[PDB]
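Residue-level listing of the chains:
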Amino acid sequence: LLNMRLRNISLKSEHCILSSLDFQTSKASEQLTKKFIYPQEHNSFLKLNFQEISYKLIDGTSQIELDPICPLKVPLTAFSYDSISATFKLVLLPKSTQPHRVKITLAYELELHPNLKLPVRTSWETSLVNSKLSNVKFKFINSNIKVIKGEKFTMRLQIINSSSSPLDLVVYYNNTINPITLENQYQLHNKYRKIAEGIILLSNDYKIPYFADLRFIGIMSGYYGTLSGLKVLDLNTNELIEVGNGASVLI
Amino acid sequence: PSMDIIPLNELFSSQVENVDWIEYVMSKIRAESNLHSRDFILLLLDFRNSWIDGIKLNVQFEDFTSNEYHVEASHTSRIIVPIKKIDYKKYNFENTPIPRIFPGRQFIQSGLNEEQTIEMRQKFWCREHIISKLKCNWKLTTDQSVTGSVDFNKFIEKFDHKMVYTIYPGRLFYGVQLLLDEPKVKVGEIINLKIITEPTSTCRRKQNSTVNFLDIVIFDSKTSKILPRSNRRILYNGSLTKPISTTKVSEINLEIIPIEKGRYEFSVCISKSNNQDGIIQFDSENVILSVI
Amino acid sequence: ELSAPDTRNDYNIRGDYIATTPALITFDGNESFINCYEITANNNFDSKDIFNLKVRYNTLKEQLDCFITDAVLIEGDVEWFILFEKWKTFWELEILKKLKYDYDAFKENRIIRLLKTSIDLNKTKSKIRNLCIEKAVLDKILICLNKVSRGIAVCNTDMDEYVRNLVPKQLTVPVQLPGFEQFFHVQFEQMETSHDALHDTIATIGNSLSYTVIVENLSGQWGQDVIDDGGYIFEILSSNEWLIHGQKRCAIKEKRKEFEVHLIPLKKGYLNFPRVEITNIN
C-alpha cells in the first residue's frame, strides 16, 4: 500500500510474447504519508527503489529487461519495465514472480526499509495463406518484408498441395481499377488506384508447372502491406484464392 | 495473346539506369523541360512462341528500340514499351473510317446511333495509331539467318473502356494541370496556387448542366487523407467546392499555409453537382510539395 | 476583413480574404466554409487584446430577386421609362411574395421559382389601374420564371453595385492559457519489430487549470503494429514538474504523461501560455 503495480502482456507476431510491468505510487498512500511529512515540512518524498527483479518459474531464473536500468529514486511517479517471454504453442501458462525493494527514506538519513514480492501467471486475456477447399497452402519462402528500389526484383511462392493432381492453377495480377460520403469514396478510390498500378507482374496469366518463382517489377513508391492485386485462380471448380501476404516497401 | 496499358507517376531517379525503357524515358524527361513526366503510359504486351527453338525478339517503336530478350520454347516474356499520350485537341477522332470499295451500297442504312458510332471511331482509330508504329524483327538463336518480321494486325483484337481512357485523354471530362510557386516553403508563409481547367470534346454529351464542381482533397504522402478541418495541416482560405463551367479556361486560384510537416500532395475531383454519388471523374494529376 | 486594436503591436495579419473575383458562397451546412488568419505574436507577451471583423454579405434571395428584376422584367430602359417607374413599390410588394426555390438553386440551376401562387396575382394586378403595357411584361416574366434556370455566369453582372451589403462585425478576444512550460525530450527505440517507420508530431500545447497535469500522446506508426517499444530520457528543462512514465511502448496506448500544474509555475510568457514539447527520437 505504497506503490500500486500492474503487469500488461502483449503478443508480438515474431513468436515472442512481451510482458511489461508498470509501477505507480498510489494517491491514497501519497496523501497518507504526505500530510505527516508536510507536518515536518516535506513536499516531495523519497522512495528509493534499489533492487527490482523478476523471476521465472519453480526454478528461479532472472529474465532481464529489454534495456538498462539504474537504481533510481523519485516521488509521485510511474515507471514500466518490459521483459520478453517465449511464445507457447501449448496450453501451459507460465507463472512468474516479481520483486522490488522500496527504501522509504524519511529525511536526515533516517530511512525505513520495505520490500514487496508479487507472483502471478503471465496470461494475455485472449501469414501462411491456406485455402478453404483442399490441402493447398501458400507461403512466401523469402522474407515477406523486403526493401527494394523501383528496379526489377524477384519473389518466391511455395505450394504444399494434395499430391493427387498438384497442377492446374494460374496466377495473374489484374491491373484494373476495382469498380467502387465523398471522402470515403475518394479514399477507397486511392486505395484501389495504388493497388491496381503500384507494382506490375512480369509474368501474368502464368501456368504453374514444390516452388513457383514469380517475378515482378515495382513502379510506384510506398509500403504495400498485404499487397492484394495478385490472385491465384484455381482452374477446376472455378474459384479464386486470394494471397494476402507479403509487404514490400519501395524506398 | 493479350495486351494492357498502364501509366506511371514516379520520376525514377537514377542508378536504375539498367532497365531498357527507363534510360530513354528519363532522357526525354531529363532535358526538354516541356517534355514532362506523369503522362507517359507503358503498354504491356506478351510475346509467346509455339516452336522448339529460342528466339531473340527485338521490338522497334518509331524511335524506341528495345533490348535483346530470349523466349525459349513456350514461355511468355512481357516486353514493356513506352509511349506518350495522343493529344485530343491537336488531332481529330470523329471521322468515319473509310471502306476500300466504292462499288457496293454496303447496306447504307447503317444500324448505329450517334454516340455508339463515335466510340466505335475512337476504338478503331486508337489502335490505328498504335499499330502504325509498332514493329518486331526476330531471329532464331541456333539458325541465325532465318530472320523475319511480324505483323500486329491479326493479334490485337479490340479495346475496352480502360484502354481508351489510358491511351486517349480526350475520353476524360476535363484537362487539368497545376502551378505551384515554391515547393520548399518555410511554414510561416502563404503561397498562391493555380488550377487550370480545360474541358473536352465529350462536353457535347451532357449539353444541359452548365456547371460542374471541382472538389479538393489532401493526402499525407503516405496514405489516409486529411479531413477538411485541416488542423496540424494546410491552413486554407476559401472552401473546397469551387464551381467551374463548361467551355471555360477557368483558374480557381487559392492559397495555402502549412502548420506542421512536409509531405503533402494536392489533387482535384469532379462531381457534377453537390449531392452524393453525382461523381464522374476521379482526376489524378497529383503534384507534391514540401515544407521544412 | 479583420481589424487590429488601438494597442497596436506588431500583429501581422497576412491572412486577409477578399472575394474580389467571386461574388459567391453558400452556407447550407453540407460542405464547410473555413476562413483562417495567419497572425503574428507581439513584441513581448500580450494576452488580452480585442479583435473585430468585417463581413460584407447579402442573402441569396434578394440576389436572385435583383437578378430577376434587372433581367426578367426591367432589362431595357424602354420598359423602365414608364411601365415600372410608376409601380416600383408595387413591384417590390409583388416580388416579396415570390418565394423562389432555394433548394434546387444550388444544384445546376439559378433563378428558379417554387410552386407558389400565380393565379390570383393576375386578378390582383387587374384590380388596380395597372396598364396592359406593364401587365403583359409582369405576367410574361412570372410565367418565364415559373420554369427557367440560369448559370453562375451573368450573376455578378447583375450583382455589381446593386446590393446594400450589411457589413457586420463580431468580437474575438484571442483567448489565452495560464501555465507556461518549456520542455524537450529524446528517445531511443529498442526495436521489437525492426522499424515500422513512424510519423512524428512535435506538439506545442499548454494545460490551463489548477491542480492539473500535461498529458502527451506518442507518435503515429503505420507499418506492422503492436511493437517498437521506445525508451526515453527526459531532460525536463526550465521547470520542475512531475513525470509519470519511463521506457514506454509505441503501440495502441502508452500515454507518457507529465504532471505539470503542481509546483514551480510562471506567468503568461507569450500570447497564450505554451508548452513546446519537442521530442527528438534520434
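Structural notes, computed from the coordinates.

**Here we look at the overall build of chain B**
Right, so step 1: Assigned secondary structure in chain B consists of three helices and twelve strands.
Right, so step 2: Seen along its three principal axes, the alpha-carbon backbone of chain B occupies a region of about 70 × 60 × 30 Å.
Right, so step 3: A separation threshold of at least 6 residues defines the contact pool for chain B, and within that pool the share at least 24 residues apart is 70%.

**Overview of the overall build of chain C**
Right, so step 1: Counting secondary structure elements, chain C contains six helices and seven strands.
Right, so step 2: Relative to the compact-globule value of 19 Å for 282 residues, chain C shows a C-alpha radius of gyration of 31 Å, a clear excess of over 25%.
Right, so step 3: By principal-axis analysis of the C-alpha atoms, chain C measures approximately 90 × 50 × 30 Å.
Right, so step 4: A sequence separation of at least 24 residues applies to 78% of the contacts in chain C between residues at least 6 apart.

**Quick word on the packing of aromatic side chains**
Right, so step 1: An angle of 35 degrees between the planes, with centres 5.2 Å apart, marks the rings of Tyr-186 of chain A and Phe-219 of chain B as tilted. With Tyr-186 of chain A in helix α2 (residues 182–197) and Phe-219 of chain B in strand β8 (residues 211–220), this pair bridges two chains.
Right, so step 2: For the ring pair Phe-93 of chain B and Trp-125 of chain B, a centre distance of 6.0 Å and an interplane angle of 75 degrees mean the geometry is edge-to-face. On the criterion of sequence distance, the pair formed by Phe-93 of chain B in the loop between β3 (76–83) and α2 (114–131) and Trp-125 of chain B in helix α2 is long-range, its members being 32 residues apart.
Right, so step 3: Here a set of aromatic residues connected by ring pairs shows up, and it is made of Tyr-91, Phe-93, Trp-125 and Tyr-168 of chain B.

**A closer look at the sheet that holds strand β9 (residues 243–245) of chain B**
Right, so step 1: Reading across the sheet, the four strands line up as β9-β8-β11-β12 (chain B) and stay open at both edges, with antiparallel pairing between neighbours. Each having just a single partner strand, β9 and β12 (287–289) of chain B make up the two edges of the open sheet. Across the sheet, the mean angle separating the axes of adjacent strands is 35 degrees when strand polarity is ignored.
Right, so step 2: One ladder, built from three bridges, connects strand β11 (residues 264–270) of chain B with β12 of chain B; its direction is antiparallel. Residue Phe-266 of chain B lies in a different strand from β12 of chain B, and its bridge partner there is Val-287 of chain B.
Right, so step 3: Set on the sheet, α2 of chain A makes contact with β8 and β11 of chain B; between it and β8 of chain B the angle comes to about 60 degrees.

**Things to note about the interface of chain B and chain A**
Right, so step 1: Contact residues are listed per partner, giving 31 residues for chain B and 27 residues for chain A.
Right, so step 2: Sorting the residues of the side of chain B that touches chain A by element identifies β1 (3–7), β3, β8 and β11 of chain B as the ones contributing at least two each.
Right, so step 3: Within the side of chain B that touches chain A, the residues separate by chemical class into 14 nonpolar, eight polar and nine charged.

**A word on the pairing of strand β1 (residues 4–12) of chain A**
Residue and element names in this part refer to chain A.
Right, so step 1: In this sheet, strand β2 (residues 16–24) lies alongside β1 in antiparallel orientation, the contact comprising nine bridges. Bridge assignment links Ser-10 to a residue of β2, and that residue is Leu-18.
Right, so step 2: Connecting β1 to the antiparallel partner β2 that follows it, the hairpin turn spans three residues, and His-15 within it adopts a positive phi of roughly 60 degrees.

**With respect to the pattern of salt bridges**
Right, so step 1: One salt bridge connects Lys-231 of chain A with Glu-242 of chain A, and the closest N-O pair in it is separated by 4.0 Å. Of this pair, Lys-231 of chain A sits in strand β19 (residues 231–234) while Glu-242 of chain A sits in strand β20 (residues 239–242), and the two are eleven residues apart along the sequence.
Right, so step 2: The residue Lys-89 of chain B makes a salt bridge to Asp-87 of chain B at a minimum N-O spacing of 2.6 Å.

**Notes on the interface of chain C and chain A**
Right, so step 1: In this complex, chain C contributes ten residues to the contact, which on the side of chain A involves seven residues.
Right, so step 2: Tallied by class, residues from the side of chain C that touches chain A come to four nonpolar, six polar and no charged.

**Overview of the environment of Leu-8 of chain B**
Right, so step 1: Mapped onto the secondary structure, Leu-8 of chain B falls in the loop between β1 and α1 (20–30).
Right, so step 2: A C-alpha to C-alpha distance of 6.2 Å links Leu-8 of chain B and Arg-38 of chain B, two positions 30 residues apart in sequence.
Right, so step 3: Once you skip the residues sitting within four places of it in the chain, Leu-8 of chain B turns out to touch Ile-219 and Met-220 of chain A together with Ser-37, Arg-38, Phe-40 and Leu-42 of chain B.

**A look at the sheet that holds strand β4 (residues 73–74) of chain A**
Sheet strands line up and pair through hydrogen bonds in the backbone, either parallel or antiparallel.
Residues and elements named next belong to chain A.
Right, so step 1: Strands sit in the order β4-β3-β7-β8 across an open sheet of four strands; the sheet is antiparallel. If you trace the sheet from one side to the other, it starts and ends with β4 and β8 (110–111), each paired once.
Right, so step 2: Two elements, strand β7 (residues 102–106) and β8, share two bridges in a ladder whose sense is antiparallel. In the sheet register, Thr-105 faces β8, and the bridge partner there is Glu-111.

**Comments concerning the side chain of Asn-58 of chain B**
Residue and element names in this part refer to chain B.
Right, so step 1: Among the structural elements, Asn-58 can be located in the loop between β2 (41–48) and β3.
Right, so step 2: At 3.3 Å, the side chain of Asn-58 forms a polar contact with the backbone oxygen of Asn-67.
Right, so step 3: Discounting residues that sit within four places of it in the chain, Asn-58 has contacts with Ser-66, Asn-67, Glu-68, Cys-136 and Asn-137.

**Considering the environment of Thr-241 of chain B**
Right, so step 1: Relative to the assigned elements, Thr-241 of chain B resides in the loop between β8 and β9.
Right, so step 2: Along the chain, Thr-241 of chain B and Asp-63 of chain B lie 178 residues apart, while their C-alpha atoms are 44 Å from each other.
Right, so step 3: Among residues more than four places away in sequence, those in contact with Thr-241 of chain B are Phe-213, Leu-214, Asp-215 and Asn-274 of chain B together with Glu-31 of chain C.

**Digging into unusual backbone geometry**
Residue and element names in this part refer to chain A.
Right, so step 1: Despite not being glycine, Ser-165 shows a phi value in the positive range, around 50 degrees.
Right, so step 2: On the secondary structure map, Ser-165 appears in the loop between β13 (152–160) and β14 (169–171).
Right, so step 3: In the Ramachandran plot, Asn-174 falls in the positive-phi region, its phi being about 60 degrees despite a non-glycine side chain.
Right, so step 4: Its place among the elements puts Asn-174 in the loop between β14 and α2.

Each value, and the rule that gives it
- Residues numbered from 1 in each chain as written, not as in the entry; some residues may be left out.
- Chains lettered and ligands numbered in written order.
- Part of a larger assembly, values for the part shown.
- Heavy atoms only, no water.
- Residues with missing side-chain atoms left out of burial classes, pairs and counts.
- Helix = DSSP H or I, 4+ residues; strand = E, 2+ residues; numbered from the N terminus.
- Contact = heavy atoms within 4.5 Å.
- Rg over C-alpha atoms; globule rule 2.2 N^0.38 Å.
- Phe/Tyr/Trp six-rings, centres within 6.5 Å; stacked < 30°, edge-to-face > 60°.
- Pairing = 2+ DSSP bridges.
- Axes fitted to C-alpha atoms, helices over the stretch in contact; angles between N-to-C directions.
- Nonpolar A, V, L, I, M, F, W, Y, C, P; charged D, E, K, R; others polar.
- Salt bridge = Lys/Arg side-chain N within 4 Å of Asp/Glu carboxyl O.
- Polar contact = N/O pair within 3.5 Å; in protein donor to acceptor, adjacent residues only side chain to side chain.

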